[PDB]
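The structure appears below as structure tokens.
Nothing in this text is a laboratory measurement; each read-out follows from the coordinates by a stated rule. As a convention, Cβ positions derive from the backbone with ideal geometry for all residues, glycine included, and neighbour counts pool all protein chains shown.
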Amino acid sequence: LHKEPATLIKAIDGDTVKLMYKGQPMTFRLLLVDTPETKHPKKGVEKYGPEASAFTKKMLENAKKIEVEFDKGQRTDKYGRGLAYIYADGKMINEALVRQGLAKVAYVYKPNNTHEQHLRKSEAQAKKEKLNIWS
């Protein structure tokens, strides 16, 4: 997998962000993680959703460099969102959310599962520390 640069346009909630990627606006869904939702009536504002949302937002808005990394599988979902690991100054936001107890590892779809193990490790640690959704 290689990293490519991108530029922030707007964070939408914890696991969806709009970025400028190779000249175009594009909506990206973070791979392998589910954060609580700030929207969707099927839900509403779930607990830790505003928190997950502000955490993704802040990491992205205070970054020097943002990079997107596609996995080995399909690169967009049925809604036209890019499916990617997103990095702020070299730190993967998908892992940072999970390590903080602000996201669960999602149901995994091969072959888009390259960082699955790593994420699962961080989720078990957050669970052990009883952080945020695990509290």
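Observations, loosely collected:
- Matching residues in the stretch 15-48 - criterion: being without any contact (Cβ under 8 Å) to a residue 24 or more places away in the chain and over 28 Å from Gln117 (Cβ atoms): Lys18, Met20, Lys22, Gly23, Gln24, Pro25, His40, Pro41, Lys42, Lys43, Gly44, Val45
- Check on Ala84, within 20 Å of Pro25 (Cβ to Cβ) and either free of Cβ contacts under 8 Å to residues at least 60 places away in the same chain or surrounded by fewer than 19 Cβ atoms within 10 Å (Cβ to Cβ) (or both): yes
- Candidate set: the stretch 1-51, residues that are among the basic types (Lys, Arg) and in a strand (DSSP E or B); chosen: the one surrounded by the most Cβ atoms within 10 Å (Cβ to Cβ): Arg29
- Flag for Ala54 being surrounded by fewer than 17 Cβ atoms within 10 Å (Cβ to Cβ), out of contact with any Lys or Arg (no Cβ under 7 Å at 6 or more places or on another chain), of a type outside the set (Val, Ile, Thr) and assigned to a helix (DSSP H, G or I): yes
- Condition met for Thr7 (among the β-branched types (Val, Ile, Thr) and under 24 Å from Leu131 (Cα atoms)): no
- Pairs where the first residue, in the stretch 106-135, is touching a residue at least 24 places away in the same chain (Cβ under 8 Å) and part of a helix (DSSP H, G or I) and the second is among the small types (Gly, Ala, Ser) and surrounded by 15 or more Cβ atoms within 10 Å (Cβ to Cβ), C-beta under 7 Å, 6+ apart: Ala126/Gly101; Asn132/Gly101; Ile133/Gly101; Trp134/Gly101; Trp134/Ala126
- Candidates are the residues of the stretch 87-105 that are of a type in the set (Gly, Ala, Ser) and in a loop (DSSP other than H, G, I, E, B); the one that is surrounded by the fewest Cβ atoms within 10 Å (Cβ to Cβ) is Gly90.
- Number of the condition not met by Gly90 [criteria: (1) under 22 Å from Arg120 (Cα atoms); (2) in contact (Cβ under 8 Å) with a residue 60 or more places away in the chain]: (2)
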